[PDB]
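Reviewing the structure listed below.
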Amino acid sequence: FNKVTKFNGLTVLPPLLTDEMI
Amino acid sequence: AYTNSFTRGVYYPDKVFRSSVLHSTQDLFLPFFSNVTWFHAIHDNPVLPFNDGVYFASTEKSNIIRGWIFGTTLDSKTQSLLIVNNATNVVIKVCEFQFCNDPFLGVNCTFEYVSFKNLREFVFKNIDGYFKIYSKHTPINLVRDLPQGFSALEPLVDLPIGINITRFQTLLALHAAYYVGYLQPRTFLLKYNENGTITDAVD
Amino acid sequence: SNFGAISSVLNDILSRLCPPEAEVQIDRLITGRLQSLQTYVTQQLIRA
Amino acid sequence: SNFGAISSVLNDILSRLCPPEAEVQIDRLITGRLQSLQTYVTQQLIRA
Amino acid sequence: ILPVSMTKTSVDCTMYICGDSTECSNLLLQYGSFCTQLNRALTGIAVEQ
Amino acid sequence: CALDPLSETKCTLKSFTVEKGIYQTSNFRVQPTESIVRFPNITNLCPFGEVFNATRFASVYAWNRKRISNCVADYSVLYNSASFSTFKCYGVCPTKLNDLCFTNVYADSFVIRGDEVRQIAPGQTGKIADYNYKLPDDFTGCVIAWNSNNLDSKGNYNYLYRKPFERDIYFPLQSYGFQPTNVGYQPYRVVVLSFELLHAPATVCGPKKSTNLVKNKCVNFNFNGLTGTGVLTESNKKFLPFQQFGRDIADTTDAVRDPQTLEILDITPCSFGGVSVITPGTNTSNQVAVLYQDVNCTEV
Amino acid sequence: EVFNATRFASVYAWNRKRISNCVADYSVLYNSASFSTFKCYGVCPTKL
């Protein structure tokens, strides 16, 4: 998790399973 | 004589604030590491060509350099731009001036405007008849040459005048060393920092 | 991108022009921005 | 392919027409040739 | 190391193409169901992740 | 399709049944409360009186030019006049000129034969277009012309003709000859207004009044002819003295400097997000729940 | 032999001169004072 790193109608939806559920 | 420009002669290309961004822009910039013709006010101020535009700079301790002339013929056949510092204001005029045989500042017209220890830096260009002036001042540790580092010139002045230029000449105070580098149509990538300041560029 | 319109900014066309010609300029932006989205969605379907 | 331009040879348009009309004919070729690459690159992404 | 999902983007194509303009949005309706099938595709990708 | 969120769902699906699920039906968007109109506080009326009522215009080979700046231009005073035989505008509409601002305006003034008025347009070709007065193909301006037989006929031979905006002063020059004996052969006066939209502060503006300034609240706006919408706020974006706008990656405006007090305003688009309708099937219930995506519940 | 002919035909039965095997300085025509209109439809007169 440490080693892997808006108004124009573009959006990001959250995943169903949180990183704490994974 | 000659010297090398290093990363000199970069300016804000438009009157738009940008920050924390790498912006690709195409404009008349001074090419990095170009040879710039170099001159002394001691042991002259010849007429130079202007080409597409000029980075003009001087390393100074005396304020002997005090202005410039621009035009095509520089001989009263046609209108010529004049720029002067009177030690309280910049002064600008365009007229069919009859200049001297060896013009200096003492120790028909269509436009007017009014407002080593140091390095004073300028960029001059004509686009669509707009004569644009950019400038910066800096302290210097080296007498011989331009500093091998980066700083972006801000626009001082923009004249609506529509006058053709192919030649120019600096003005010296009479009864200092200076550098002339021509601009070229270059694509630059400009590094605008958090405080919206150009702090590096890629030629 | 202009896509051939007089400006890249939709509010320039709508503040400078009027309906006989504003629609001619906006159809160049609609065509280009629609083709820009179809290219993204196609490459996201292949990447998915 | 002409794509609606007077000729598909880009040098015909540039040698026969002056810029106000040449850019109208050339943009039909740019529109069609760009669509012809977007088609090929999409087929090569699916075939890859 | 294997990738298993990617960011669930969705793009509001009426606001991307015609950002808060009714003048443009009434022209974008003349292209029919392109904008609704772009949203359908991006929703299908996002549910798949 | 606007009664309730289930009816938006039914319409989004083009279906009267809705199956169980979550459906993005719409975008929530907070609407502009009011319009804020903002322009420079200068009030000189522009010298169009001098331009259109001069005693003599120039020859088309040596056309006169005037630069107009630091002033207010009511273009309807020109456009409403019955005098003008043509007023054709390129890159602008003459209805919109009063809503708008430019950094400079240039008036180009000259006399031609009435038949040749056709050649004063962007992208034209012929002896006046190519050898006397050429407009660029990206021209942003208005061409304003009228027959001037009462001013410029006598005959009169003082007007002559032989490169975008060139003044091409050996001499290939030929005079016109203007008499009441000349309609297309008559002298026409023409003024061309060219508008400068370059990246600098406005100095020519339409007569439209400025409003007070509103902040931390969603408004429609027009700053120096830059129309838009957003929550304006005071800002810590450190504009240098020459900068007048800030821009986004999408080329859209992100900040402005007020033309009346020179403080820096952020522009934030008014609060928005996807609206998703959570539903059991309509076979189970007409009850729904609504998810406003990417908003805090106090901002809905 | 066309532009300086003594007479021109009636439009029910117009003339049609063949020009061939010769050098054509069309700028002599295009820069002539004589012509009230000179309109070209698949070429620009400067290019000829």
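Note that the numbers count up from 1, one per residue, in the order the chain is shown.
If you're wondering, the header gives electron microscopy, 2.9 Å.
Backbone N, Cα and C define each Cβ position, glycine as well.
Of F:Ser35, F:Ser69, F:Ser235, F:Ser271, the one with O-linked glycosylation site in Swiss-Prot is F:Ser35, while the others lack that note in the record, though it may still apply to them.
From F:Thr33, F:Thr125, F:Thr252, the position flagged in Swiss-Prot as O-linked glycosylation site is F:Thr33. Recorded disulfide link (Swiss-Prot): F:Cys89 to F:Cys142, out of the candidates F:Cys46, F:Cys71, F:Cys142. Sequence-distant neighbours of the region 'Disordered' (F:29-45) (same chain, 6+ residues past either end, Cβ-Cβ under 8 Å): 70-74, 101, 201-203, 205, 208-214, 217-224, 229, 232, 258-260, 270-272. Within the same chain, residues at least 6 positions away in sequence whose Cβ sits under 8 Å from that of F:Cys101 (disulfide bond) are F:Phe39, F:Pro40, F:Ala202, F:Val204, F:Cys205, F:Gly206, F:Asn224, F:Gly225.
Classification of F:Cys11 (disulfide bond) by DSSP places it within a helix.
Spatial neighbours are here defined as Cα atoms within 10 angstroms of one another, and by that definition the neighbours of F:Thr33 (O-linked glycosylation site) among the disulfide-bonded residues F:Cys1, F:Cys71, F:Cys218 are F:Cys218. Cα distances from F:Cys218 (disulfide bond) to the recorded positions F:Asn41, F:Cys46, F:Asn53, F:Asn296 are smallest for F:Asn296. Between the disulfide-bonded residues F:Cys89, F:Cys142, F:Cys270, the minimum number of other C-beta atoms within 10 Å of a residue's C-beta occurs at F:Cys270.
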